[PDB]
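Visitor: Following this message is one structure expressed as structure tokens.
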Amino acid sequence: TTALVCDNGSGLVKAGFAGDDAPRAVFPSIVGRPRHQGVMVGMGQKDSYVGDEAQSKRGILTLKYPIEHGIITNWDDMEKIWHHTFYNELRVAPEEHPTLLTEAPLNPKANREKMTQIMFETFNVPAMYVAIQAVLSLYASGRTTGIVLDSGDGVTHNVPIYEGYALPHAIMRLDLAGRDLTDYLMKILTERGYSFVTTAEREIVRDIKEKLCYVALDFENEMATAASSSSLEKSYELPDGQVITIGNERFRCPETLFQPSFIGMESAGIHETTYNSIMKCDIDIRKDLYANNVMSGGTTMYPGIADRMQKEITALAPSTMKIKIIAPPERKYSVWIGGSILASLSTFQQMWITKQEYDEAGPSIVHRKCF
Amino acid sequence: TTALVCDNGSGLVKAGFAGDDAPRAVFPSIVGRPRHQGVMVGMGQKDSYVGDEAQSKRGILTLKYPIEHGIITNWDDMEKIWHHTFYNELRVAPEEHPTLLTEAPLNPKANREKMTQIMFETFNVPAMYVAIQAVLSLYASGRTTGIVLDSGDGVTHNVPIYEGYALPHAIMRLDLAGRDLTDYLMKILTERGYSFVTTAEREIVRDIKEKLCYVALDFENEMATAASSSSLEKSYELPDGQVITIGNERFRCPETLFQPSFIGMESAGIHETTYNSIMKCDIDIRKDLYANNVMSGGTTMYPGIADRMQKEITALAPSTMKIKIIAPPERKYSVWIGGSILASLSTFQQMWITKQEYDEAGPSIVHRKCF
Amino acid sequence: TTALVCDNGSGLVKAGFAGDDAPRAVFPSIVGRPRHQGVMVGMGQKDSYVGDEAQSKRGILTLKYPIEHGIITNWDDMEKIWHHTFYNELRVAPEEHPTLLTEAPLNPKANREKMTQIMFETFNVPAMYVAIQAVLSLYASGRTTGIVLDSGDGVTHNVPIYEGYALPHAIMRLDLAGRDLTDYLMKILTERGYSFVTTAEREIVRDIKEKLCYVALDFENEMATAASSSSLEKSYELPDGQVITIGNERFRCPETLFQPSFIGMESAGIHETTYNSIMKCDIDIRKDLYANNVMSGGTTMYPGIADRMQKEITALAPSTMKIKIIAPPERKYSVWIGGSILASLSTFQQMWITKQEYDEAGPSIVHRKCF
Amino acid sequence: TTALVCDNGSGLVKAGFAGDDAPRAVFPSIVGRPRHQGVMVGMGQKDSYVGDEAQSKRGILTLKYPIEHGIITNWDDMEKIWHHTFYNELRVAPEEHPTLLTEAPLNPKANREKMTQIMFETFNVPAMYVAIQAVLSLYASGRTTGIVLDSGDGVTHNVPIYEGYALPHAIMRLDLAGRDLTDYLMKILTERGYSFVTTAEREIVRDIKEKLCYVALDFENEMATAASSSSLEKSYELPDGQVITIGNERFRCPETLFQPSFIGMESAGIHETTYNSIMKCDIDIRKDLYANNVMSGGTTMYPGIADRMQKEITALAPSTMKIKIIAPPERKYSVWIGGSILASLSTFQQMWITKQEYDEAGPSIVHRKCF
Amino acid sequence: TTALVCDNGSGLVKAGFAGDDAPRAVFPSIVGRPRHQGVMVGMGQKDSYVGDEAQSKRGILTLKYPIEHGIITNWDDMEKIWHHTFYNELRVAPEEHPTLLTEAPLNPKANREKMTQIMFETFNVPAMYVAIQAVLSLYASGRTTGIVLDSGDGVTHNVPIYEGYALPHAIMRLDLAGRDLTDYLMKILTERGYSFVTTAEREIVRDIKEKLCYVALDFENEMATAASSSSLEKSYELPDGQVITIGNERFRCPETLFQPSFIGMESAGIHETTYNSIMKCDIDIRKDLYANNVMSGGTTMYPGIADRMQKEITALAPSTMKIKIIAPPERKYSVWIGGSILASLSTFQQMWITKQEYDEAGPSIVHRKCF
Amino acid sequence: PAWXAXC
Amino acid sequence: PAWXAXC
Amino acid sequence: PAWXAXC
Amino acid sequence: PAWXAXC
Amino acid sequence: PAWXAXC
Amino acid sequence: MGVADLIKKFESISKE
Amino acid sequence: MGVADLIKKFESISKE
Amino acid sequence: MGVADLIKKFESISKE
Amino acid sequence: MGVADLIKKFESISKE
Amino acid sequence: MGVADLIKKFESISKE
Ligand SMILES: Nc1ncnc2c1ncn2[C@@H]1O[C@H](COP(=O)(O)OP(=O)(O)O)[C@@H](O)[C@H]1O
Ligand SMILES: Nc1ncnc2c1ncn2[C@@H]1O[C@H](COP(=O)(O)OP(=O)(O)O)[C@@H](O)[C@H]1O
Ligand SMILES: [Mg+2]
Ligand SMILES: [Mg+2]
Ligand SMILES: [Mg+2]
Ligand SMILES: [Mg+2]
Ligand SMILES: [Mg+2]
């Protein structure tokens with residue numbers, strides 16, 4: 001009767017059972033459809049492909065994500081994702097388990113309400129609860145105090161918590177995320193003559209980003225170095241055996257997070273955004289937030305990102321203060337893990353929306369602890 | 001069977017056992033409550049916090065005092081203070097010990113009557129007595145003659161005693177106290193651009209007051225000096241590492257006690273108030289009161305306050321007379337100490353209201369020696 | 001030789017000549033700079049744009065205000081504002097006219113001192129005086145008694161005056177103002193899926209606030225109504241032709257003024273702040289302050305604000321008393337008007353700081369009547 | 001009720017029944033007519049001869065093909081071919097069986113439409129379907145992925161398929177085929193004094209090509225060898241007992257496929273054409289196409305052709321990739337075989353154009369899956 | 001000392017002098033070489049032919065373009081183009097005039113660097129500048145605001161400009177252009193039996209495209225019409241007197257620009273690409289970009305293209321907005337014209353790279369205003 | 001482009 | 001010579 | 001954020 | 001086929 | 001503000 | 001009520 | 001590998 | 001440090 | 001509208 | 001001077 005946990009993010013879907021250390025399903029939130037005439041009718045060709053199935057056939061599919069910037073925009077595709085998650089990936093009947101789902105803070109309310117309707121009416125879940133990843137990331141870190149900087153494929157957000165109490169007026173959110181860094185990389189590679197256009201190519205460029213990019217701890221020095229040296233150049237083999245050689249794009253891509261102006265945003269970079277979140281908090285709480293800067297989410301995996309963040313925050317913050325970044329290797333999974341913990345606490349078993357309650361209260365019930 | 005002694009002041013609660021030299025409990029009279037949405041339900045979050053517990057979490061609590069200007073206004077919060085004092089701070093069963101409590105002179109009668117009801121009906125104390133701090137301050141000074149100037153967080157008062165007899169028509173009371181000086185300091189710091197608004201910030205400003213302020217022995221010369229010199233400026237580190245630099249606010253704050261007009265009061269300053277109390281006494285008693293000016297209470301801790309008082313009184317009083325100020329370092333504790341002494345005297349053991357007497361006499365009994 | 005009058009507020013700059021009924025210059029206190037690469041060098045592109053010029057090009061500028069919460073933080077931008085005001089908006093040589101400027105009460109002293117230095121050394125004004133808007137608002141109301149609640153873009157403040165005498169210890173100031181209400185509205189619109197991030201978008205949201213928001217005279221009933229009805233919904237056309245439909249945000253935004261907790265402040269709302277200012281005044285003056293509650297400033301333009309204030313004050317104040325709110329339609333201009341009056345009175349012509357005096361006295365002279 | 005399968009190619013007609021391993025009719029697509037005066041009227045001389053009948057009498061007939069470069073140009077002759085195929089070669093009534101016919105990709109639409117009209121109106125076939133040989137060649141190879149290089153007497157074409165989906169924008173077609181190689185050989189043999197002019201002689205030269213030619217795996221080395229050696233010379237006996245000795249024509253003929261310039265074409269050779277087809281495909285698909293290069297068609301029978309192709313493709317393609325050529329011995333029959341398979345699949349029985357549908361829809365129906 | 005202006009596009013080379021209304025040289029970017037054995041040695045036969053010379057002899061040359069998709073791939077051929085442009089077409093010594101060259105946005109940096117090296121080292125130009133055609137197209141349109149949709153033989157691109165400032169993050173580029181439409185037309189004509197294979201034939205098909213094709217304002221209605229009518233059919237006379245009759249290919253060819261899927265691209269059509277560029281711009285700028293949609297480039301010459309674009313954009317864009325397309329008849333020349341203007345402005349004479357500067361700075365100097 | 005009047 | 005305007 | 005140690 | 005790893 | 005008709 | 005009138009009111013108050 | 005077997009292979013693929 | 005242990009930590013915190 | 005005139009327009013804009 | 005001693009002082013005063 002273990003609760004199901006499912007982090008339906010914009011990039012990957014991480015799902016499994018409560019009370020455990022890893023998702024069992026980690027396939028991408030991608031639904032693809034053929035973009036070409038089928039001819040070999042005799043093989044039983046499909047109309048659509050999902051997740052790993054879709055990426056394995058990406059060169060013939062217009063791969064699309066149902067979720068963009070944390071918002072579900074394509075509900076038919078989202079039900080396909082869920083359907084496969086429950087029956088083909090986890091092999092579990094939804095009727096037999098309550099389910100914990102996640103969402104970004106400061107999202108549209110309708111996103112939560114529609115997701116709830118589907119779980120109760122299409123999957124017949126007996127109970128449901130929706131959590132904010134930033135909160136789950138502290139449960140997963142073993143603590144009740146700190147700022148979680150959750151930076152994934154969809155959105156980047158900062159949520160300070162102190163002694164388990166949230167400070168919602170200090171939530172900062174940027175719609176700058178891994179998907180944009182990827183788009184930026186697709187454009188920057190143009191300079192060296194490489195041209196990635198299609199969605200299959202987008203996934204290739206994503207793979208490149210994941211293996212070659214790093215965070216400069218001094219952007220200008222890395223630029224000066226690149227301009228005078230081959231030592232920063234790396235090769236990568238494309239799926240067709242073609243070799244692509246990449247230079248300073250390796251650090252100019254993630255630099256966007258510190259300089260969003262690179263993609264046209266006037267918005268503050270992540271170190272200033274984090275800093276501002278601290279500044280919006282009562283002065284008495286600042287010391288503890290600085291000492292508990294918690295990173296989570298896939299884009300926090302760039303080598304050097306934690307080090308760059310420390311350097312940047314210490315340049316904004318007053319001196320004579322401990323500024324500490326917590327960045328465990330499971331940054332990709334801490335949200336799922338938090339879900340795994342929360343759903344297993346006895347203290348949480350009164351937080352579930354029972355289908356019976358939903359059916360009498362209507363959607364307003366999903367906003368208990370809306371935050 | 002040692003009596004409990006508890007000075008439930010407006011600032012701090014000083015409590016312990018009779019016959020000893022210090023309170024064991026010295027936590028603040030503060031009850032705080034969360035002012036933000038709780039999210040981490042799994043941590044067992046509280047509805048309210050008390051004393052040191054509350055100040056340790058002040059950045060998320062609307063810290064409030066149950067007592068203002070010496071009057072208890074919030075009785076639910078006051079029972080929480082007492083509850084913790086008895087069971088968590090002193091670790092003592094109230095039923096096993098008689099209790100000595102204190103109050104300001106010239107307070108509402110109801111304050112005494114309600115406090116009594118609670119001690120007899122909620123804490124089941126077997127006996128009770130209520131004392132005036134100004135009297136306790138002379139027991140603690142080893143003498144039966146003098147004027148006690150008790151200036152705390154709540155109120156400031158002057159009570160002349162001669163050969164143990166009180167002169168009640170000469171009691172002077174000002175509702176100017178440390179809490180107002182603190183509020184004034186919060187406002188005066190505005191001039192240099194610092195802005196402390198919240199109750200947590202109020203406590204920060206209080207800490208500043210306690211470490212940087214001093215009494216000018218010549219206000220105009222200190223102003224002239226400040227206007228021409230950096231030598232009076234001091235820095236202070238705020239909890240978030242931010243440094244605040246404070247100039248003449250260091251002496252303009254406590255000056256309020258000599259010039260209440262600074263906060264809008266038309267009332268006499270403390271040196272004139274003391275003087276007037278002496279003038280209301282029979283001429284034959286004045287010499288002894290001048291020779292025994294006794295200071296007690298936390299606000300008498302400003303450096304230079306005793307020296308300023310001597311200078312001021314000698315400017316009002318006729319010449320050719322000894323004007324003497326007694327200001328032992330335990331000004332913060334002399335009241336508790338007086339309680340510790342009084343409750344231990346055999347002569348005092350007939351002064352207790354036995355619960356049995358209260359239950360037959362009703363509240364009028366609490367006014368024996370109302371004063 | 002008519003004095004110039006210039007209300008250099010944080011939102012708008014209202015400027016013109018003394019002895020008249022309206023400012024001639026009413027452009028915003030905004031300096032913008034290009035945030036994008038210029039390419040058409042042949043058009044003579046500028047580095048910066050000011051006021052209406054800047055808003056007319058806002059989609060390409062990082063529009064910023066030089067003044068925040070009533071304090072000037074960017075002096076270079078402020079000189080640009082003044083420069084244009086004097087030479088391009090009013091078309092007047094500063095050397096030929098004395099100038100009356102305004103500032104919030106309880107601001108940093110340095111703000112006044114620096115402003116003075118600039119007027120005497122950069123604009124060569126022959127004379128200068130600085131006034132408090134709350135005072136000017138009573139001159140503009142034709143009276144010498146009352147409380148002015150001046151609530152603009154920058155700060156909100158309460159200054160009681162009685163028979164022309166001020167009661168400075170009763171000044172209340174909140175750093176809750178129209179700019180915060182705007183920021184709150186930007187956040188609240190998130191719930192319906194609308195997302196305004198950039199500074200140009202901030203100005204759009206401000207325009208929305210100004211046309212759609214109103215004050216609930218019963219917050220809970222308006223919420224209950226909104227929850228059950230489309231009758232409170234209004235549409236607005238965004239600059240690109242996109243229609244945005246807004247529901248209960250119409251009254252949840254201005255509600256912040258009554259419930260500052262909505263944006264994280266623990267501070268009293270404006271009706272309690274006003275009430276407290278009255279309570280800090282001598283009891284003998286309260287009747288006249290209640291009968292002369294004067295509203296001024298741009299945020300007092302929300303429909304229903306005066307009515308809500310009456311309802312709230314009458315719930316705090318004792319019964320059997322006349323509580324009257326004065327809210328003429330020129331709430332946006334009453335400050336400028338007061339300046340226009342004051343500068344024209346013969347009684348005021350000795351109040352000017354002559355440049356000659358400044359040059360001998362130094363900055364301390366600007367604090368005559370500092371208040 | 002077994003479907004008839006008939007690959008009416010430009011060279012040979014391969015026909016038989018679905019569900020079997022070989023055509024039963026494999027006669028040439030040749031209709032000949034006497035080119036000389038008949039004199040022995042008493043023998044019942046014919047006006048025309050078909051297929052093997054015609055070749056057996058070729059020395060007196062102007063043998064012609066009805067199909068050139070994959071296009072039917074002589075419809076009267078084509079009906080004769082079909083007539084004999086159905087009644088004299090296969091001995092089957094067309095009315096009793098549905099029929100699967102084939103055609104080149106990128107042919108004129110009219111070729112398909114006219115063929116359809118004839119089958120429905122002249123042969124009364126109850127149903128019809130037209131397939132592309134390149135597709136049939138993968139069914140016959142047991143796979144759903146790869147590029148079929150079908151090089152016959154008529155045309156040479158490349159059609160990539162991935163997971164059964166076709167990539168039509170990557171279809172490459174050359175009008176260089178076995179008939180041109182034959183014409184080239186007729187010309188090249190001139191150098192040694194042999195002269196083949198007539199159509200009967202064309203068929204003789206074709207026979208020579210089929211037995212003596214091979215693909216050089218290094219053209220220049222074979223030329224250098226021929227220029228210095230008799231070891232590459234082979235004899236052939238012409239029908240009249242005359243011996244013809246052939247030297248480097250043995251490899252200079254098929255070389256045309258790699259160097260079309262030999263016959264005046266500026267077009268890419270077959271290895272570059274294949275390569276380009278791969279390059280027109282999404283990068284993600286290239287690896288699988290390289291690993292599944294499928295050869296079919298009669299001209300792929302030259303000894304050494306598969307080996308030359310591997311050598312050439314690996315010189316164009318990036319290194320570190322598996323380049324694999326599939327060349328089963330039944331290259332002459334794989335198309336017919338694919339037809340035999342396709343027509344037998346239950347999945348295909350809805351693909352047939354029923355005569356009833358044709359008669360209501362008209363010719364547009366033949367382009368379902370036109371490709 | 002008039003600057004030379006030379007738009008070395010992929011299709012045509014437009015070159016002449018600054019300060020004038022037309023290029024003097026408008027020959028094609030084609031270098032051809034004989035593909036056949038020369039025999040009449042006595043006529044002084046050439047190795048290569050250029051531009052009009054080459055097209056005049058196209059039936060014997062493998063005509064090739066040095067530039068493909070806006071990138072120079074064959075530098076030897078490009079120097080021949082330049083050589084002839086300077087000495088045989090314009091009859092001018094390069095040493096005597098500075099030269100303005102053009103390039104596509106988002107091209108490889110090396111393309112600019114190599115072009116620069118050649119102009120300074122091979123042609124000894126005293127100074128050089130490289131411009132982006134999209135910018136030049138607004139100078140030529142007399143305005144500083146709008147989106148230029150430049151669609152030529154090489155690439156199609158969208159560059160929004162506002163008040164002369166560029167919005168580089170909103171640049172959209174497709175590698176769909178007139179050369180692809182031509183290739184598509186070569187393929188589509190197959191359906192009616194016409195077959196154009198060689199490069200000379202490619203140029204013939206291009207001529208056909210230019211005279212017969214038009215944009216359907218309703219694709220499905222034109223298809224339905226074609227399917228039922230001869231009224232859309234047009235004849236064309238091929239160079240050998242052969243008449244070719246063309247049906248719906250007349251509009252199915254340019255339709256590719258709206259439906260790139262026709263040639264295998266998954267990419268957005270030009271109306272969605274334009275729309276997306278607007279969406280990437282700040283909301284405040286959208287109104288002006290919609291009102292200034294500027295078309296330039298040779299493929300914008302199809303009849304009906306501007307009308308189709310308006311219809312399409314108004315179906316994507318919100319209603320109640322003016323959507324305006326600017327399409328002057330000189331769409332083929334607006335780029336050259338912009339060059340003619342820019343090079344003549346006094347404001348531009350500091351933008352030139354002086355050879356002296358290049359020789360000290362190296363290639364990085366060419367990226368001033370890289371964009 | 002996923003929000004409702006801003007992305 | 002079999003196409004219609006090319007072979 | 002405009003004051004000096006509080007906003 | 002003119003870019004470097006895409007056309 | 002703590003008394004009853006004066007603070 | 002208008003600056004000309006408000007001035008007259010205040011000048012009168014000052015003089016009185 | 002023979003039509004009977006190739007049919008079985010493709011029927012299996014279609015069903016799967 | 002693993003969910004089983006993190007649960008024990010949080011259950012202990014909630015109870016305390 | 002012609003280069004001579006477009007130049008005059010832009011020179012005027014630059015100077016202004 | 002300490003409560004134990006101050007008590008002794010006051011008890012002595014009361015008795016005397
Ligand atoms: N060094 C110091 N200088 C001046 N005032 C002080 C100092 N230390 C503490 N105080 C003040 O003493 C007051 C506490 O008063 P206290 O007499 O101990 O308790 P209560 O006022 O509750 O009877 C507070 O207003 C506090 O700020
Ligand atoms: N109809 C309206 N309703 C509510 N607020 C308004 C309205 N019109 C303008 N405002 C607000 O008034 C403020 C401008 O204040 P104003 O007093 O004119 O200048 P300042 O604040 O600079 O002294 C802005 O925050 C603006 O949004
Ligand atoms: Mg996530
Ligand atoms: Mg006390
Ligand atoms: Mg104002
Ligand atoms: Mg064939
Ligand atoms: Mg061009």
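Please note that chains go A, B, ... in the order of the structure tokens, that every chain numbers its residues from 1, and that ligands are numbered from 1 in the order shown.
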Set the distance at 8 Å and use only C-alpha atoms: which residues neighbour residue 7 (chain M) once local chain neighbours fewer than 3 positions away are removed? I'd like the list as an mmCIF file with N, CA, C and O atoms, in the first residue's frame.

Guide:
data_model
loop_
_atom_site.group_PDB
_atom_site.id
_atom_site.type_symbol
_atom_site.label_atom_id
_atom_site.label_comp_id
_atom_site.auth_asym_id
_atom_site.auth_seq_id
_atom_site.Cartn_x
_atom_site.Cartn_y
_atom_site.Cartn_z
ATOM 1 N N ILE A 341 10.547 10.268 1.027
ATOM 2 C CA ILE A 341 10.547 10.487 2.476
ATOM 3 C C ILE A 341 9.212 10.987 2.949
ATOM 4 O O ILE A 341 8.642 10.462 3.904
ATOM 5 N N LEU A 342 8.727 12.056 2.328
ATOM 6 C CA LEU A 342 7.530 12.724 2.813
ATOM 7 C C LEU A 342 6.358 11.779 2.842
ATOM 8 O O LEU A 342 5.637 11.690 3.840
ATOM 9 N N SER A 344 6.244 8.782 3.220
ATOM 10 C CA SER A 344 6.417 7.730 4.191
ATOM 11 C C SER A 344 6.297 8.173 5.630
ATOM 12 O O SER A 344 6.347 7.324 6.522
ATOM 13 N N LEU A 345 6.151 9.464 5.893
ATOM 14 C CA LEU A 345 6.091 9.920 7.273
ATOM 15 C C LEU A 345 4.676 9.753 7.796
ATOM 16 O O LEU A 345 3.718 10.093 7.109
ATOM 17 N N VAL M 3 16.651 6.955 2.351
ATOM 18 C CA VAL M 3 15.305 7.280 2.801
ATOM 19 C C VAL M 3 14.945 6.606 4.109
ATOM 20 O O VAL M 3 14.269 7.206 4.939
ATOM 21 N N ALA M 4 15.344 5.363 4.324
ATOM 22 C CA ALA M 4 14.953 4.743 5.586
ATOM 23 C C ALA M 4 15.476 5.537 6.775
ATOM 24 O O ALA M 4 14.786 5.706 7.794
ATOM 25 N N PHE M 10 13.323 12.334 10.472
ATOM 26 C CA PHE M 10 12.187 13.244 10.519
ATOM 27 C C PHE M 10 11.098 12.772 11.449
ATOM 28 O O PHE M 10 10.436 13.602 12.072
ATOM 29 N N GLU M 11 10.902 11.475 11.599
ATOM 30 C CA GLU M 11 9.867 11.064 12.522
ATOM 31 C C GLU M 11 10.293 11.463 13.919
ATOM 32 O O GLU M 11 9.475 11.922 14.726
#

Visitor: Counting only C-alpha atoms and all ligand atoms, what residues are within 12 Å of ligand 3, given as number ranges by chain?

Guide: A: 6-14, 28-29, 67-71, 101-105, 131-137, 148-157, 177-178, 295-300, 331-339

Visitor: Name all residues at most 12 Å from residue 191 (chain A) (count only C-alpha atoms; drop same-chain ones fewer than 4 positions away) and give them as a PDB file with C-alpha atoms, in the first residue's frame.

Guide:
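Once written, out_8.pdb looks like this:
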ATOM      1  CA  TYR A 184      21.447  28.804 -26.608  1.00  0.00           C
ATOM      2  CA  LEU A 185      24.060  26.143 -27.214  1.00  0.00           C
ATOM      3  CA  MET A 186      22.339  25.186 -30.450  1.00  0.00           C
ATOM      4  CA  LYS A 187      22.734  28.793 -31.535  1.00  0.00           C
ATOM      5  CA  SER A 195      24.105  23.506 -37.357  1.00  0.00           C
ATOM      6  CA  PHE A 196      21.582  21.701 -35.234  1.00  0.00           C
ATOM      7  CA  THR A 245      35.082  20.107 -32.197  1.00  0.00           C
ATOM      8  CA  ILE A 246      33.879  22.554 -29.564  1.00  0.00           C
ATOM      9  CA  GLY A 247      35.844  25.471 -28.082  1.00  0.00           C
ATOM     10  CA  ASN A 248      34.689  28.193 -25.712  1.00  0.00           C
ATOM     11  CA  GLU A 249      31.064  27.210 -26.147  1.00  0.00           C
TER      12      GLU A 249
ATOM     13  CA  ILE E  71      28.559  30.106 -46.757  1.00  0.00           C
ATOM     14  CA  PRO E 105      23.593  36.687 -39.818  1.00  0.00           C
ATOM     15  CA  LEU E 106      24.468  33.621 -37.815  1.00  0.00           C
ATOM     16  CA  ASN E 107      26.948  32.415 -40.390  1.00  0.00           C
ATOM     17  CA  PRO E 108      30.319  30.791 -39.429  1.00  0.00           C
ATOM     18  CA  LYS E 109      32.777  33.348 -38.138  1.00  0.00           C
ATOM     19  CA  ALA E 110      35.435  31.958 -40.428  1.00  0.00           C
ATOM     20  CA  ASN E 111      33.450  33.052 -43.456  1.00  0.00           C
ATOM     21  CA  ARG E 112      33.914  36.692 -42.448  1.00  0.00           C
ATOM     22  CA  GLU E 113      37.504  36.254 -41.442  1.00  0.00           C
ATOM     23  CA  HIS E 367      33.775  41.106 -35.533  1.00  0.00           C
ATOM     24  CA  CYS E 370      29.618  40.925 -35.367  1.00  0.00           C
ATOM     25  CA  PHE E 371      26.023  40.488 -34.444  1.00  0.00           C
TER      26      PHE E 371
ATOM     27  CA  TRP I   3      27.600  23.908 -43.034  1.00  0.00           C
ATOM     28  CA  UNK I   4      30.069  21.611 -41.280  1.00  0.00           C
TER      29      UNK I   4
END

Visitor: Kindly provide the residues of chain M that approach chain B to within 12 Å, each paired with its closest atom pair and their distance in Å to one decimal, based on only C-alpha atoms, listed by chain and increasing number, as CSV.

Guide:
residue,atom,partner,partner_atom,distance
M:6,CA,B:42,CA,11.4
M:7,CA,B:42,CA,9.6
M:8,CA,B:42,CA,11.1
M:9,CA,B:43,CA,9.6
M:10,CA,B:43,CA,6.3
M:11,CA,B:42,CA,7.1
M:12,CA,B:43,CA,8.4
M:13,CA,B:43,CA,5.4
M:14,CA,B:44,CA,4.0
M:15,CA,B:44,CA,6.6
M:16,CA,B:44,CA,7.5

Visitor: Give me, as a PyMOL selection string, all polymer residues having an atom no more than 9 Å from residue 313 (chain B), counting only C-alpha atoms and skipping those fewer than 2 positions away in the same chain.

Guide: chain B and resi 271-272+274-275+290+308-311+315-317+323

Visitor: Could you state the separation of CA of residue 221 (chain C) and CA of residue 37 (chain B) in Å, given to one decimal place?

Guide: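 CA of residue 37 (chain B) lies at a distance of 23.3 Å from CA of residue 221 (chain C).
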
Visitor: Residues of chain O in helix (DSSP H, G or I) according to DSSP, as a list in words?

Guide: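 The helix (DSSP H, G or I) subset of chain O is residues 3, 4, 5, 6, 7, 8, 9, 10, 11, 12, 13, 14 and 15 of chain O.
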
Visitor: Output the selection as a PDB file, in the first residue's frame - C-alpha atoms for each residue.

Guide:
ATOM      1  CA  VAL O   3      21.557  37.866  50.532  1.00  0.00           C
ATOM      2  CA  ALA O   4      22.629  35.665  53.418  1.00  0.00           C
ATOM      3  CA  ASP O   5      24.262  38.672  55.046  1.00  0.00           C
ATOM      4  CA  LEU O   6      21.556  41.138  54.112  1.00  0.00           C
ATOM      5  CA  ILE O   7      19.019  38.825  55.692  1.00  0.00           C
ATOM      6  CA  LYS O   8      21.024  38.680  58.866  1.00  0.00           C
ATOM      7  CA  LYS O   9      21.233  42.471  58.882  1.00  0.00           C
ATOM      8  CA  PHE O  10      17.498  42.905  58.469  1.00  0.00           C
ATOM      9  CA  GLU O  11      16.528  40.209  60.906  1.00  0.00           C
ATOM     10  CA  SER O  12      18.738  41.916  63.454  1.00  0.00           C
ATOM     11  CA  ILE O  13      17.129  45.298  62.721  1.00  0.00           C
ATOM     12  CA  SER O  14      13.627  43.860  63.053  1.00  0.00           C
ATOM     13  CA  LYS O  15      14.404  42.224  66.395  1.00  0.00           C
TER      14      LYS O  15
END

Visitor: With only C-alpha atoms considered, list every residue of chain I at most 9 Å from chain E, as a count of residues only.

Guide: 4

Visitor: For a test of reading the model, state the distance in Å between CA of residue 261 (chain C) and atom 22 (O, counted along the ligand's line) of ligand 2, rounded to one decimal.

Guide: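 Atom-to-atom, CA of residue 261 (chain C) and atom 22 (O, counted along the ligand's line) of ligand 2 are spaced 24.0 Å apart.
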
Visitor: Near residue 84 (chain B), within 12 Å and counting only C-alpha atoms, which residues show up once chain neighbours fewer than 3 positions away are dropped, as a PyMOL selection string?

Guide: chain B and resi 13+15+25-31+49-53+77-81+87-94+123

Visitor: Work out how far apart CA of residue 303 (chain C) and CA of residue 215 (chain C) are and give it in Å to one decimal.

Guide: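 Interatomic distance, CA of residue 303 (chain C) to CA of residue 215 (chain C): 6.1 Å.
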